[PDB]
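Here's the structure, in structure tokens; my notes come after.
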Amino acid sequence: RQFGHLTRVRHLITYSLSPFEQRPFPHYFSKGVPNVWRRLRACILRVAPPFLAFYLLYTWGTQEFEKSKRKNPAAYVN
Amino acid sequence: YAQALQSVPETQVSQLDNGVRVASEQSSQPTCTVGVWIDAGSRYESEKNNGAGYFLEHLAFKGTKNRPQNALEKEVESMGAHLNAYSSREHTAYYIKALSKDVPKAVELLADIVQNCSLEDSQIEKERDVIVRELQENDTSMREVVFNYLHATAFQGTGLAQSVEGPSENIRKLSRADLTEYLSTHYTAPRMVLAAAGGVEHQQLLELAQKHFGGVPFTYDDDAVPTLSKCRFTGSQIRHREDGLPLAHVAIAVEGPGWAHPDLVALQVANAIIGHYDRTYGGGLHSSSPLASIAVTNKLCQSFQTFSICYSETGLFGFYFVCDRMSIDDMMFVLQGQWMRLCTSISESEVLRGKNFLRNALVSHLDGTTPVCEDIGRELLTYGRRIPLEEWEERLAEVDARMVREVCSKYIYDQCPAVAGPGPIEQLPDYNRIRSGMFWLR
């Protein structure tokens, strides 16, 4: 698929400025950073949970293993 | 020839202790045309003041207090004179064309309008809905909307960006007053010019103007003409898509110098070289204007035209084309490419023709009375005086290749243009692309 045969688009006025007449930098601290958080806080509660869960299952798993290695002071009290 | 130019009657000019400048050119011609060209326009309008200059032009004829409607027209019709006119962004005029045997009568008439318009509150409330309709017509003239939108984005934010016509909301609410607030504010002698051409004898004109334009300037203000707020050019685009339309229009341009600037010549010659095409012509063999040629060979556009629309202190040097939903791209490419060629490797043999082509329009620009007055009307107003064809001649009879290059590049190379395009333009690439189309991979 090429250009000019994509969609029947009617009534959409778009205005954009040359990159040299605008600033790429952009508006960090205004809209910039804000939205970043707007997202960390949006999906944090949807991504992190499982990873967190793994972690536990990792630690638990490891400790226990590292434990099942140490002797039961009472495997021979005699 | 050159002798033909020289033997061309100088143009007479002399201002009033009033402010008006009265100039004109004389010939044998029974007929003539005369008009007052105000330094008035849309540019001079505000956010709530936009429209007036027009809503005005539209009542500028429906009468005065001295002689109401039915009579003015009846007095005009009855004498066989044609009173027509316009209103741009920085230029408005009102010219009539009679048999020169009416200089004093036409002149009076003129004065009686630019100064006393009925502005019949009942006449207005009609012309109101008239424009609002007449505007709805200007609208499907894609051939135009594409230019306003060009202005709209080219000079975004400033006064030029506002269209001579003005928003519907203003025309829907302009007050009996606001119109007058416009008239009394801008319609003043210092910014108005009484020019004419035909069989008229300057002095007779003067005295009549000097007679019907009994204006009197007290303050220092009244005698001073305000210079306008500079308009920021803004390389950008504005796309009003609609694949529902037969075809799309595209208009791109760079900032223009302004009448004053001597380069507008060489520049004018530039536009001479690529010129314009339009399927009716008869030339896949056309003169250099490859844009033309190529436009034919590869059936690029329905029509394309180059333009250096300029104003007081700014301008719009570009090109505008109309093409099938499908060949929009190839066109730009080929076209925009030309600009480059134009100011990167243009030849003498080319400019040679360019010139002569201009020298032909240069002359035919002044074909009749009405047109001549136009220049005079204009010349003074924007340039300061009148530029004789003998002058323009030299001006552009001395532009060499290397000069065109030096110029066009100076206003086109790696400049951020403003593009405008309504219609099925899905095929027109983004900006960056038509932007990096400004520098030639030399």
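Simple scheme: letters A, B, ... for chains in structure tokens order, numbers from 1 for residues in each chain, numbers from 1 for ligands in the order shown.
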
Tell me, counting only C-alpha atoms, for each residue of chain B within 8 Å of chain A, which pair of atoms is nearest and how far apart they are in Å to one decimal, in rows ordered by chain and increasing number, as CSV.
```
residue,atom,partner,partner_atom,distance
B:153,CA,A:15,CA,7.7
B:234,CA,A:21,CA,6.6
B:235,CA,A:18,CA,5.3
B:236,CA,A:17,CA,3.9
B:237,CA,A:16,CA,5.5
B:238,CA,A:15,CA,4.4
B:239,CA,A:14,CA,5.0
B:240,CA,A:13,CA,4.1
B:241,CA,A:12,CA,5.4
B:242,CA,A:10,CA,4.1
B:243,CA,A:8,CA,5.8
B:244,CA,A:10,CA,6.5
B:325,CA,A:4,CA,7.0
B:326,CA,A:4,CA,6.3
B:416,CA,A:18,CA,6.3
B:417,CA,A:18,CA,7.9
B:424,CA,A:9,CA,7.9
B:425,CA,A:4,CA,7.3
B:426,CA,A:4,CA,4.9
B:427,CA,A:4,CA,4.3
B:431,CA,A:18,CA,7.1
B:432,CA,A:18,CA,7.4
B:435,CA,A:18,CA,7.9
```

May I have the selected residues written with N, CA and C atoms, as a compact mmCIF listing (two decimals), in the first residue's frame?
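So the final result, stored in result-v5.txt, reads:
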```txt
# COMPACT_ATOMS: atom_id res chain seq x y z
N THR B 153 -1.95 30.74 7.56
CA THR B 153 -0.85 30.07 8.22
C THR B 153 0.47 30.76 7.94
N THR B 234 5.49 32.72 9.32
CA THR B 234 5.64 31.50 10.09
C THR B 234 5.64 30.23 9.25
N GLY B 235 6.82 29.83 8.80
CA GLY B 235 6.94 28.63 8.00
C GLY B 235 6.09 27.53 8.62
N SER B 236 5.02 27.17 7.94
CA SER B 236 4.16 26.14 8.47
C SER B 236 3.21 25.71 7.40
N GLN B 237 2.28 24.87 7.81
CA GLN B 237 1.30 24.38 6.89
C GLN B 237 -0.07 24.40 7.52
N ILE B 238 -1.06 24.24 6.66
CA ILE B 238 -2.45 24.18 7.05
C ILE B 238 -3.12 23.30 6.00
N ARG B 239 -3.68 22.18 6.45
CA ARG B 239 -4.30 21.24 5.54
C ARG B 239 -5.79 21.06 5.81
N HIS B 240 -6.60 21.39 4.82
CA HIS B 240 -8.04 21.25 4.94
C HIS B 240 -8.43 20.15 3.99
N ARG B 241 -8.13 18.92 4.35
CA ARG B 241 -8.41 17.78 3.49
C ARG B 241 -9.87 17.54 3.23
N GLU B 242 -10.11 16.87 2.12
CA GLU B 242 -11.44 16.47 1.70
C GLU B 242 -11.37 15.75 0.41
N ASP B 243 -11.23 14.43 0.50
CA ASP B 243 -11.16 13.61 -0.68
C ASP B 243 -12.50 13.68 -1.44
N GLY B 244 -13.46 14.39 -0.86
CA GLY B 244 -14.74 14.51 -1.50
C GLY B 244 -14.64 15.45 -2.68
N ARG B 325 -6.15 14.09 -7.46
CA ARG B 325 -5.80 13.55 -6.18
C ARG B 325 -4.46 12.84 -6.24
N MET B 326 -4.23 12.19 -7.39
CA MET B 326 -3.06 11.34 -7.66
C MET B 326 -1.70 11.86 -8.08
N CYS B 416 12.10 28.24 5.40
CA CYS B 416 10.94 27.47 5.82
C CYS B 416 9.71 28.08 5.19
N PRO B 417 9.17 27.43 4.16
CA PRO B 417 7.99 27.86 3.42
C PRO B 417 6.68 27.59 4.14
N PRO B 424 -8.35 16.41 -1.76
CA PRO B 424 -7.80 15.05 -1.64
C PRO B 424 -6.30 15.14 -1.76
N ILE B 425 -5.65 15.43 -0.65
CA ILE B 425 -4.22 15.61 -0.64
C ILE B 425 -3.44 14.51 0.07
N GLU B 426 -4.13 13.42 0.38
CA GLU B 426 -3.49 12.32 1.07
C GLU B 426 -2.13 12.09 0.46
N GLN B 427 -1.98 12.39 -0.82
CA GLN B 427 -0.71 12.15 -1.45
C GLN B 427 0.38 13.15 -1.16
N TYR B 431 5.56 17.88 6.00
CA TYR B 431 6.32 19.12 5.86
C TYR B 431 7.82 18.90 5.65
N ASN B 432 8.45 18.29 6.65
CA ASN B 432 9.89 17.99 6.64
C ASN B 432 10.33 17.65 5.26
N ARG B 435 9.99 20.30 3.01
CA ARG B 435 10.88 21.29 3.58
C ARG B 435 12.30 21.03 3.09
```

Residues of segment 140-276 of chain B classed as helix (DSSP H, G or I) by DSSP on the backbone are to be reported as a PyMOL selection string. chain B and resi 142-154+168-171+176-186+189-191+202-212+264-274

If we count only C-alpha atoms and set the cut-off at 8 Å, which residues sit around residue 270 of chain B, ignoring sequence neighbours fewer than 6 positions away in its own chain? Please answer as a list in words. residues 342, 351, 354, 404 and 408 of chain B

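Put simply, atom CA of residue 192 of chain B is 27.5 Å away from atom CA of residue 393 of chain B.
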